[PDB]
Amino acid sequence: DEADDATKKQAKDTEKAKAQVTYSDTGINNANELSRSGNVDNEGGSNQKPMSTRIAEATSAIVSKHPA
Amino acid sequence: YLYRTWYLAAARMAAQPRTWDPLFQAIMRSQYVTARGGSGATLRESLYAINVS
Amino acid sequence: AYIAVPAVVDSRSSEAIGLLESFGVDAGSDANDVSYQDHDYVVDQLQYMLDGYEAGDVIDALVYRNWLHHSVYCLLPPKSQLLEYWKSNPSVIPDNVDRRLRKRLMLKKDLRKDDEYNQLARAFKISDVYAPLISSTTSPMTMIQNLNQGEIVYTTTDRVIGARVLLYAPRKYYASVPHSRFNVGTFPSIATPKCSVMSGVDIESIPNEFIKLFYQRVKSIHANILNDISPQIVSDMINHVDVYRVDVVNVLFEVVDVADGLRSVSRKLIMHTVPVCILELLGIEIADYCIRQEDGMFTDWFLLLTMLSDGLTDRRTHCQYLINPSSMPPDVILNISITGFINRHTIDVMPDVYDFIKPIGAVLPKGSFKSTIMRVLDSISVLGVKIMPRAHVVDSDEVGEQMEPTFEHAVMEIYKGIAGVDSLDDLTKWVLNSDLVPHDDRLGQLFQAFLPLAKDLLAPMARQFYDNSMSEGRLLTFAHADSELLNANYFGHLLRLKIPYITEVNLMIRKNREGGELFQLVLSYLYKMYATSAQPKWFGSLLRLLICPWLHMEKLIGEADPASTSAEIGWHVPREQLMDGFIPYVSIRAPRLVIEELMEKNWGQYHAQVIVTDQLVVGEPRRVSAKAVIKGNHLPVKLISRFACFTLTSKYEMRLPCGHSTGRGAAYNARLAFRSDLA
Amino acid sequence: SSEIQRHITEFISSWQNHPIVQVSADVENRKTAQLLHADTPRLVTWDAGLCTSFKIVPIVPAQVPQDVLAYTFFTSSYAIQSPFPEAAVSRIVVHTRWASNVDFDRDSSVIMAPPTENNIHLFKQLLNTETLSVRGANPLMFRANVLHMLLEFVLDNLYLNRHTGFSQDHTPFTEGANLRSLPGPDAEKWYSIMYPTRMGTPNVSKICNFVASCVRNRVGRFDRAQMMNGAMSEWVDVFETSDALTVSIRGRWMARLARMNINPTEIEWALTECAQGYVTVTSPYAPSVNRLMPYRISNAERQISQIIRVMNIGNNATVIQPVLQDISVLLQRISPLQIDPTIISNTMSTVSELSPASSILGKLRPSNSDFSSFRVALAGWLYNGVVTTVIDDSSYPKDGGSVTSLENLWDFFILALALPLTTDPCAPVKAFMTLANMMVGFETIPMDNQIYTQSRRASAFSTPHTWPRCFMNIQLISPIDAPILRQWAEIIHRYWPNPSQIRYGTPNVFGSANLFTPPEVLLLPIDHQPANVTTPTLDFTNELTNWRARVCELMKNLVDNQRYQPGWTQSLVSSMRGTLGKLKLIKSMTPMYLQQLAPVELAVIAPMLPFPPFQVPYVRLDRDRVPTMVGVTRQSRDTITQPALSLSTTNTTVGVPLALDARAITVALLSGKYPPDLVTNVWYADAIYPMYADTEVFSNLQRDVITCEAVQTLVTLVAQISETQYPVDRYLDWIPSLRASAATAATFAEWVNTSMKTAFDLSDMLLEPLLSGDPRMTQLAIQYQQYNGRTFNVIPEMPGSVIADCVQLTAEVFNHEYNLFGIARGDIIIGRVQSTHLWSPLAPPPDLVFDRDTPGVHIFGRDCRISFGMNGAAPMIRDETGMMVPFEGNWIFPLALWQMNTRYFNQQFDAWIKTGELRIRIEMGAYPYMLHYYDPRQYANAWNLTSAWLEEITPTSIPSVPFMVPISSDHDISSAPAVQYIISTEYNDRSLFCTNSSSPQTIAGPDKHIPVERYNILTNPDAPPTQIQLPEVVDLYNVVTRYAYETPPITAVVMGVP
Amino acid sequence: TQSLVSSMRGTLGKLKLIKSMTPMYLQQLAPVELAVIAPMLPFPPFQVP
Amino acid sequence: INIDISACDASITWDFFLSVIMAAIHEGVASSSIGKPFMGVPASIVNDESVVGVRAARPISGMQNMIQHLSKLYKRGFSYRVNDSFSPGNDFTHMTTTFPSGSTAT
Ligand SMILES: O=c1ccn([C@@H]2O[C@H](COP(=O)(O)OP(=O)(O)OP(=O)(O)O)[C@@H](O)[C@H]2O)c(=O)[nH]1
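Note on numbering: positions run from 1 along each chain as its sequence is written and may not match the entry's numbering; residues without coordinates are not listed. Chains and ligands are labelled by the order in which they are written, letters from A for the one and numbers from 1 for the other. Any value mentioned applies to the visible chains, which represent part of a larger assembly rather than the whole. Computation of side-chain values covers all heavy atoms of the structure but excludes hydrogens and water.

- Method of determination for the deposited model, per the PDB record: cryo-EM, at 3.0 Å resolution.

What follows is the structure, given as structure tokens:
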């Protein structure tokens, strides 16, 4: 994603449909590289249900009410 | 026995490597493209029924 | 992100239809981020490319595509016309091309015979100038690789797949998109870590048959590395109305015997593609139900469900089931309990065999519920239409009842030919033993006598009866075997059919039939032996067409003006020749904007000889019967487009509400003509 | 009419009696498709919900409004969520994946209703097609049905625990512990079921007492492996509601999968070794995120899969033709050679002059056979175990040569050139007898009998028994009578081509499917020799050119004479000699191709190939090492047990010939040429890169795994019910069962096969080769036999199977916890017991039970009779010892006696059981039960239920056993009389969980608190967090590890360098 | 003219190792049924050694 | 002995000859044409139920796709458009099961 976006910005900034100094599809097998993503929270856990919703549910599972 | 005869015939026919080149395919295609009628009308007005020109 | 669905996704229409509520996704909101993709041309390229290459190569290549990486082909003319284009308008020449070749193309000579330029062109090849050049023999894996890496790809052929094809030169030298974070479309890929496939739809139910082949091949090789997500997971991640396309699911239920307050599950089943609209109408949800409600006959909403669908198969042993029609044990289904709904999708209710407007012959086995289904079908009339009146259908026994010795009476006397029987009861005892499944040898000895009665009497009588019936309008006719409609040369659509029950038990349940119940049953065996084995194909396949399109149109034209949304198209005769009145032949119902479009179609190039009579009919509107015989060609369905809900049967008759006097009848050489009001 | 309704019921029964699995068509296209492309199994599946298969259900609701205790006591008036049901009687039932948000469904499920509903349908699945009733089941198939239920139970959870998020606790209920949030629509209900100890303790109720006795700090996550920051944690250990059984099963599954794991570096090395330096691939070098790709397997599995493929392909030739055609097309897209028969015309078109220069090509040519026969012959080298390429009959000289002729001389030349490339062992003797036939009337040789005289056909030979004695003793061919035959014989003996080998493959990642040869080796019928340059130029040093030279020399010696060809002219003789001299030196490159480049291409194609090579040794010219059969065994023979002993007489021969075209092969030999500017390394790099981008072979490996697992599961489960040869422990002997024959064994095997196909999502041909025969005592072995009786066999060792191990573990746990699956163990005692006591019939007092070793019991076995009582005397039944006893006291029956006399005994005994004194102990050993709870404050009588059961017993069925159990109470209750009739004979309340779980105590009826031995790591401060009391308790709460591995495709990690 | 020994040997092996309960039927249960049916026949058995 | 078949065309229909022949030709070709196209016909797919209890979509070949279409033609029979120039007013359409006498395969 980021490599393609950056090479496209390079093409636009050098005013040619085909870039010349690219960041993606180089000769190196850089296949283990990571990046920051919204999918991972700070606890090393998956971010599919947001932390606010997780806390709200975990707290709601313990609340009581008045007796009739 | 009918089934066996036609099955063995089909297997031995399809096994021949001659039936897999473009030349044999094209010969069999052009075998029936003659100057005699083939009722092209009903072909045309049946293709028309599915909106193809 | 990227998500693949079993359907032809398009950026124009798939947003209108949605497809996500179709498969069952709760995307409905101000979502406007699930951007679709154009795969129409990709499916077409796949079809065209399977013509020359091999399916394995093509599919295993197309699976490695990065659909979120824009790219495009552009094909070059062959070398000769290419050089002709180099020469004329020469200021487009890439600099790779040889210095000598450019210096010789820049000349204004006629080039009739340049002794050196011929050599320079002979030794010139296209592959060296344009670097990524696919091939004439590419062996396509490099095609998808080059589409993945790069922006433009150079081909010398047309058989390519993955992106659109653009022209390089003008037309003379040849023969005859933003992202949205939730991109979707058919044709799953494994290019990235974010490509997903939406599960929840079986493989055998995919209707396109090219998407189907692709999914089978890809899922049998890449099963362990694909990312499956159900419709609920997709919903959680996100958060000219066409008729004859209906949403279908199948119901999961099991049999329960609630005797004296003790539940006991007994068997588990799957109803196999009941349409969703009928489940909405009947108000079916997760709960218990009784499917008889009185005297051991089905409650008939259950009968409607079982007749609107394909058949139910046991979930323990994956085989067909054929629920019991009787009320006698070992097996009796008296209480069920629906538990859930699984795979949802759309299907085309219009069968491909039906293209022209002509009669319909529906073959059914003997003991089916033809009488009860007629009784249940003649009542429906949605927009004052009466979609299937009782007078438009021909009973299965009618062709045999119209004989001096009727057919069943003719075959009752068949026991004289046997070596010795002496009576019909002794015949029923000599044939099948102390249950059904008769002796095959004795049944064969009986069939060798039953056959000449069917080839020499029934076929000649039917060959005239079906002609007489075809003269007086389109009719829906039944039979007991396709051989009856094949030997007697029947015109129209021949739809074989079948019911999800054990038809042989109805032949013992019903009482007042000619001959003993055993004789009716042996007769059914004989018809089944006269059957010319072919797939009966699930009676619901027809009833779904009969019912479903009207219910959908009732939502669109539920409250509009009847005068503006209506039409009728029959055979026209001029105001003279009374020594204007038209026979209807069809009754359209559709929105106003489509009636406007149908008003201008030809409708006049179809002719037929109408023969008006002077006979009166007991019905209320004073009308005289008639006949008609189409000449030349039959009305194709394409004229009545997929947006109108027409009728499939009709009687031929004319009404006479002016100067009441019926004179002498005649033939008039009618012409088809559209007939609606002002609208 | 009742006769007519009898007919109707009989027909409906016969209609229900249909078969379920029946293959009645012919399966050969399916075998070929299975051979060329097999469906891949579904191994990796993830589970995001909590792992458990046992759920606590409330059976009877509590009484919140009651007179003794005000409603403000209970924590239901406050809507306080609790981890357990607040009923008055809670039992624990079985429901696999009731809490599993799974990525893939496996269609298996052991779902059970509570004991207060009828579970008899779970035990009348397999062999109860004859059971007419809907509420009955045949007792003789109990342990068969239970084995099938256990197999389903194991197959249902073959999953992989998924890792999904956490959250710091924001309340004082815990010490800020982390809590796993699982996905779903309504996830607020799981935080109270996953954490029984995260709850207040207001009351002195039983739930609160337990939660007060638990330990505080064993909640939520307590261990993780964080490798990179801002990335997913690799795995974690979390406390939560689970159970030891499914935790152990999934642990075994993950261990099995992790043993198969490979990594990108070694995948790179393997692919590079396979491609042999023609295809470079790259792999990353940096810290990674712990991928999972289960592809590596052992050698025994590859060998077993190879044996099964061979026993499918055996003896048909239509299953094997398409494989050879595919290899032919691969050689087409790969090989640089291309044939040019114009070389023959160039060579022959310089002779001045029946014309020798117009025979081979222009005349004696099929005119439709191009040179695909050549590379089909080449591809036949990889498969001389099943396929034996032979020269077609129609390419011989048509009943006699007559060397005086000319076309027959050319036919001999072409057969002699084409024969060495075939793979049948009798090519040398055919090459000899071609000339022997042609030279009839001129030279004679002694034969072996008068059937195979010298005037036979050369093709009618080809068995090692038919080689002439004079061909083995060259001394018998006199050098005076038959000099040409003598010379041709010794030429064949000396200068025939020699076998060699190429050593393909790499067994580090891939296994080694070789059976009768060492691993990573490839036998060839000719000598291989690597090339020294990449820009090839012509040479003449090789076996094929030496063979052509020898043949041309002998034909010169044959044609030079006016002794064989009488009428030929000197001009014709000189023309023939010159044609032979030039054809000896034709400029063809096919021989150097065959010795320098063809074996390299075969070795490069061999690894990437759907059906691995299957070779036996290429024996050159001795009978004693000529293979005369290759056979496979799939079962033993007798009481004998050892494969090395039964293999010689329980094998099936495999293999089939395949004709070729001598014309095509010889012309391809004579006319070969490379392109003008060939550079070897560039050409092969380009032509070989495309077929190392696909990964189909790895999925083949995974299917080999699944095949071996299925075979082992079959042998174990079949040995469970029928006597076999393999040693296995048996736990389910106490369940009744049937005396199994081959038919019932085959049926049970079909059910196992269908279940294992349904799981793993595969559509075709798993276990059918074994199921064709008798599966009671199976085995897999293969052998071939030489000519001199020397035999070689291969008995691959059966590697372990995780699925069979887990099935055995599940049975070993069922042996202790049979009550949870609805089964009860022991016999039952019938006879009324009227009293106000509140003991539970599933735990009776010991003084009401008797057995065989009791003073005063009568024991009724077979050959018993009843005699009426005349004039007011009691009737009598015959004891097993021969006595006659009245209808009183307590007795002992087998169940089969009652089943076989069900109606004659009901009428005679029911009046005495009910109001008399008779008490009978039916002997069942195992039976499903059904509970009926009642209010103890009112009259209750079980005679209706017990009489329904007794009258319902049938010679081939019994319904469930109805027990009448009282209801527990929290306060005093007045008593009332209850009348019992059926009581168990041993403790069967192993399923009762808790009674009156929301009140301070139980005061009347069955009492028991929450089982403190289950929740062991909570109630015991000194126990390690990982202890499990598995074979006797499931513990219902324990530590469970959760993974976050990713499974990318191989092509996304190992790139290609195009 | 071609080696059919492999195909012949394989089919003979199949016929040899086919599973058929008919031999054990004839050898175990047929005599019992014959001895159960014999004394009830109208024309009782008339055998020669 | 002189043997002739009376009405040979009308005696070859789907219930005895064409059904068996189509099943035979559809099964025999399956082995050596596993994924290839025949004369401009694709490599379509179809689900089978020949084995009891199993129901799975199985790929087929071009030469089998053609047998599928040809079978769905032979099952219904043929419809002949008659329009004679000897009787004014006869242009009906007629449908038979008689095997055609104009096909290459006749
Ligand atoms: O007009 C037709 C006559 C027959 N021939 C071809 O010959 C084949 C058989 O021809 P027919 O079917 O017409 O002979 P027949 O039954 O009338 O014989 P009889 O009853 O008179 O004894 C058919 O397959 C048809 O294609 C046609 O090419 N031209």
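A few points about the overall build of chain F
Alright, step 1. Think of it this way: any DSSP run of H or I at least four residues long counts as a helix, any run of E at least two long counts as a strand, and we number them from the N terminus. Each helix and strand counted, chain F has two helices and four strands in total.
Alright, step 2. Taken from the N to the C terminus, the helices and strands of chain F come in the order α-β-β-α-β-β.
Alright, step 3. By the compact-globule yardstick of 13 Å for 106 residues, chain F is too spread out, its C-alpha radius of gyration being 18 Å.
Alright, step 4. Here's how the labels work: a residue is buried when its accessible area is under 20% of the maximum for its type, exposed when over 50%, partly exposed in between, all with a 1.4 Å probe on protein chains only. Taking all 106 residues of chain F together, the buried fraction comes to 40%. Note on method: radius of gyration uses C-alpha positions; expected globular size equals 2.2 Å times residues raised to 0.38.

Things to note about the overall build of chain E
Alright, step 1. In terms of regular secondary structure, chain E is built from two helices and zero strands.
Alright, step 2. Taking the principal axes of its C-alpha atoms as reference, chain E extends roughly 60 × 20 × 15 Å.
Alright, step 3. Sorting the 49 residues of chain E into buried and exposed places 8% on the buried side.
Alright, step 4. Note on areas: these come from Shrake-Rupley sampling with a 1.4 Å probe, and a residue is covered only by the protein chains present in the view. Working note: accessible area of chain E is about 4,500 Å², and carbon and sulfur atoms make up 72% of it.

Quick notes on helix α18 (residues 598-605) of chain D
Residues and elements named next belong to chain D.
Alright, step 1. For α18, a buried count of eight out of eight residues is recorded, marking the element as mostly surrounded by other parts of the structure.
Alright, step 2. Listing the buried residues of α18 in full gives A598, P599, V600, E601, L602, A603, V604 and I605.
Alright, step 3. Two residues qualify as a contact provided that any one of their heavy atoms is within 4.5 Å of a heavy atom in the partner residue. Residues of α18 that are buried make contact with α6 (264-275), α8 (321-334), α10 (372-379), β8 (523-524), α17 (590-596) and α21 (680-688).

Looking at the sheet that holds strand β16 (residues 476-479) of chain C
Residue and element names in this part refer to chain C.
Alright, step 1. Taken in spatial order, the four strands of this open sheet run β15-β16-β14-β17, and their pairing is parallel. Across the chains shown, the open sheet's two edge strands, defined by having one partner strand only, are β15 (393-394) and β17 (493-496).
Alright, step 2. If DSSP finds at least two bridges between two strands, the strands pair. Bridge count for strand β14 (residues 360-363) against β17 is four bridges, and the pairing is parallel. Each residue of the ladder has a partner; that of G361, found in β17, is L494.

Focus: the interface of chain D and chain A
Many analyses report the size of an interface as the accessible area lost when the parts associate.
Alright, step 1. Counting residues at the interface gives 41 residues for chain D, matched by 27 residues for chain A.
Alright, step 2. Both sides together, the interface formed by chain D and chain A hides about 2,800 Å², and carbon and sulfur atoms give 57% of it.
Alright, step 3. The term salt bridge refers to a pairing of a side-chain nitrogen on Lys or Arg with a carboxyl oxygen on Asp or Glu at a separation within 4 Å. In this structure, the connection of chain D to chain A is made through two salt bridges.
Alright, step 4. Of the charged contacts, one joins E43 of chain A and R224 of chain D as a salt bridge, the two residues approaching to 3.7 Å between their closest N and O atoms. Take the accessible area each of two parts loses on contact, using a 1.4 Å probe, and add the two losses: that sum is the buried area.

Side note on the packing of helix α14 (residues 483-495) of chain D against helix α15 (residues 543-559) of chain D
Residues and elements named next belong to chain D.
Alright, step 1. Note on definitions: angles span 0 to 180 degrees between N-to-C directions of axes, and those axes are lines fitted to C-alpha atoms, for helices only across the stretch in contact. Following both chains from N to C, one finds α14 and α15 inclined at 175°, their axes separated by 11 Å at the closest point. Viewed along their axes, α14 and α15 adopt a mutual orientation that is roughly antiparallel. Touching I484, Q487, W488, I491, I492 and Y495 of α14 are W547, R550, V551, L554, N557 and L558, all from α15.
Alright, step 2. All amino acids are sorted into three groups, where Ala, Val, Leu, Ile, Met, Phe, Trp, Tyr, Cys and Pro are nonpolar, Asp, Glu, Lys and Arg are charged, and the leftover types, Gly among them, are polar. Partitioning the contact of α14 with α15 into residue classes produces nine nonpolar, two polar and one charged. Angles below 35 degrees are treated as roughly parallel, those above 145 as roughly antiparallel, those between 65 and 115 as roughly perpendicular, and all remaining angles as oblique.

A closer look at the site of the ligand
Residue and element names in this part refer to chain F.
Alright, step 1. Residues are counted as near a molecule or strand when any one of their heavy atoms sits within 4 Å of it. The ligand sits among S6, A7, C8, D9, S101 and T106.
Alright, step 2. Contact between the ligand and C8: an oxygen atom at 3.3 Å from a main-chain N or O atom of the residue.
Alright, step 3. Counting of polar contacts relies on pairs of N or O atoms within 3.5 Å, with two restrictions inside protein: one atom must be capable of donating a hydrogen and the other of accepting it, and residues adjacent in sequence are counted only when both atoms are side-chain atoms. Between the ligand and the protein, one listed contact pairs an oxygen atom with a side-chain N or O atom of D9 at 3.0 Å.
Alright, step 4. With the chains in place, 34% of the 590 Å² that the ligand exposes on its own is no longer accessible.

Overview of the sheet that holds strand β1 (residues 54-60) of chain D
All names here are of chain D.
Alright, step 1. Strand order in the open sheet formed by three strands is β1-β2-β25, and the pairing between neighbours is antiparallel. Lying at the two open borders of the sheet, with one neighbouring strand each, are β1 and β25 (992-995). Averaged over all neighbouring strand pairs, the angle between strand axes comes to 30°, with direction disregarded.
Alright, step 2. Relative to strand β2 (residues 89-94), β1 runs antiparallel, the two sharing six bridges. Residue pairing for β2: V60 is matched across the bridge by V89.

A look at the packing of aromatic side chains
Alright, step 1. We call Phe, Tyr and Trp rings a pair once their centres come within 6.5 Å, taking the six-membered ring for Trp, and we label the pair stacked below 30 degrees between planes, edge-to-face above 60, and tilted otherwise. In total, this model carries 66 aromatic pairs over all chains according to the counting rule given.
Alright, step 2. Taken together, a centroid distance of 5.9 Å and an interplanar angle of 70° make the contact between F465 of chain C and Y466 of chain C edge-to-face.
Alright, step 3. For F465 of chain C, a relative accessible area of 10% translates into the label buried.
Alright, step 4. On the numbers, 5.6 Å between centres and 90° between planes, the contact of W891 of chain D with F909 of chain D is edge-to-face. Note that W891 of chain D is positioned in strand β20 (residues 890-894) and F909 of chain D in helix α27 (residues 902-915), a separation of 18 residues in sequence. Like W891 of chain D, the residue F909 of chain D is buried in the burial classification.
Alright, step 5. Cluster of aromatic residues (ring-pair linked, three or more members): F860, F887, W891, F893, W898, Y904, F905 and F909 of chain D.
Alright, step 6. A ring is scored as having a charge over it whenever the NZ atom of a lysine or the CZ atom of an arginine sits within 6 Å of its centre and within 35 degrees of its normal. The ring centre of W46 of chain D lies 5.1 Å from the NZ or CZ of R162 of chain D, which sits over that ring.

Concerning the packing of helix α11 (residues 407-418) of chain D against helix α20 (residues 662-670) of chain D
Residues and elements named next belong to chain D.
Alright, step 1. One can describe the packing of α11 onto α20 by two numbers: an axis separation of 8 Å at closest approach and a directional angle of 75°. Judged by the inter-axis angle, α11 sits roughly perpendicular to α20. Together, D411, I414, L415, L417 and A418 of α11 and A662, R663, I665, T666, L669 and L670 of α20 make up the contact between the two elements.
Alright, step 2. Residue classes in the contact of α11 with α20 are distributed as eight nonpolar, one polar and two charged.

Some points on unusual backbone geometry
Alright, step 1. Of the consecutive residues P329 of chain C and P330 of chain C, the connecting peptide bond is found in the cis state with omega at 20°.
Alright, step 2. Considering the arrangement of structural elements, one finds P330 of chain C in the loop between β12 (313-314) and β13 (335-348).
Alright, step 3. Positive phi, normally seen in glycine, also occurs at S462 of chain D, with a value near 75°.
Alright, step 4. Structurally, the position occupied by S462 of chain D is in the loop between α12 (427-438) and α13 (469-472).
Alright, step 5. On the basis of relative accessibility, which here comes to 10%, the residue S462 of chain D falls in the buried class.
Alright, step 6. For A7 of chain F, which is not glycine, the phi torsion reads 60° and is therefore positive.

Some thoughts on the pattern of salt bridges
A pair can form between side chains of opposite charge whenever their charged atoms are brought close.
Alright, step 1. Enumeration according to the criterion identifies 59 salt bridges over all chains in this entry.
Alright, step 2. As a salt-bridge pair, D98 of chain C and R100 of chain C come within 3.6 Å of each other at their nearest N and O atoms.
Alright, step 3. Between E709 of chain D and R256 of chain D there is a salt bridge; the shortest N-O distance is 3.8 Å.
Alright, step 4. We classify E709 of chain D as buried; its relative accessible area is 5%.
Alright, step 5. Exposure remark for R256 of chain D: the relative accessible area of 8% places this residue in the buried category.
Alright, step 6. The network of salt bridges with shared partners includes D10, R12, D38, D40 and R164 of chain C.

A few points about the pairing of strand β26 (residues 1038-1043) of chain D
Walk down a regular strand and you will see the side chains alternate between the two sheet faces.
Residue and element names in this part refer to chain D.
Alright, step 1. Taken across its six residues, β26 has five buried, putting it largely inside the fold.
Alright, step 2. Bridge count between strand β4 (residues 235-240) and β26: six bridges; the pairing is antiparallel. Bridge pairing links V236 to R1042 in β26.

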